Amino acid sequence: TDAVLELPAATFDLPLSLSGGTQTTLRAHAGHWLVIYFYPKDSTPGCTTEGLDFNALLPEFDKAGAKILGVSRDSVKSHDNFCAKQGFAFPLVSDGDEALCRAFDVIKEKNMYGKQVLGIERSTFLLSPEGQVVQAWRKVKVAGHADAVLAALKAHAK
């Protein structure tokens, strides 16, 4: 009833490669809130702005017991470089095969250049302590976004 998106059961057990060389899974986050923000490319203006905005709010996400994960299909090394340069204190998922992206249906098509072009659409989701996707933002506008996600999380966590 409260889910806005249904994920395949296997999604929760996908090994997610993180910046720093470890893996996580969504099921491993059971018992706490998780913010998952998908972005199209490491180290670009919009995606850097978004990451820095989430980073600045970590203490507020901590207050709510929540963890954050950023996701793109860039490599672990790209992610390590992005995290180190920007000072991010949360992990980035290297979803190189787009398995996590497809589960959340963030790979979108656009008819451009006389082609059918597929790419990551900037999107964010709130995953409850029991693994339900309870809020989604798609075609995300970076300005104000992390603030809006925090506000929604606080409203839900009650």
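If you superpose the two forms and keep the largest set of C-alpha atoms that fall within 1.5 Å, you have the rigid core. Start at 1 with the first residue shown and count on from there.
Using the rigid core as the fitting frame, the root mean square C-alpha deviation in 6 other deposited structures of this protein is greater for 39 to 47 than for the other of 100 to 108 and 39 to 47. Between 109 to 117 and 91 to 99, the larger mean CA deviation from the shown form in 6 other deposited structures of this protein, after core superposition, belongs to 109 to 117. Omission of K85 is seen in none of the other entries compared for this protein where the adjacent residues are built, far below a third.
Taking the mean C-alpha B-factor of each stretch as recorded, 147 to 155 and 1 to 9 are not equal, and the higher mean is that of 1 to 9. Of the two stretches examined, 58 to 66 and 93 to 101, the record assigns the greater average C-alpha temperature factor to 58 to 66. Sorting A30, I107, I36, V133 by the CA temperature factor given in the entry leaves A30 at the top. In the deposited entry, the Cα temperature factor of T22 sits in the top third of values across the chain's modelled residues. Per the deposited record, the Cα B-factor of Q116 falls in the middle third when ranked against the other modelled residues of its chain. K85: CA B factor in the middle third of modelled residues in this chain (values from the PDB entry). Among the modelled residues of its chain, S128 has a C-alpha B-factor that falls in the middle third according to the deposited record.
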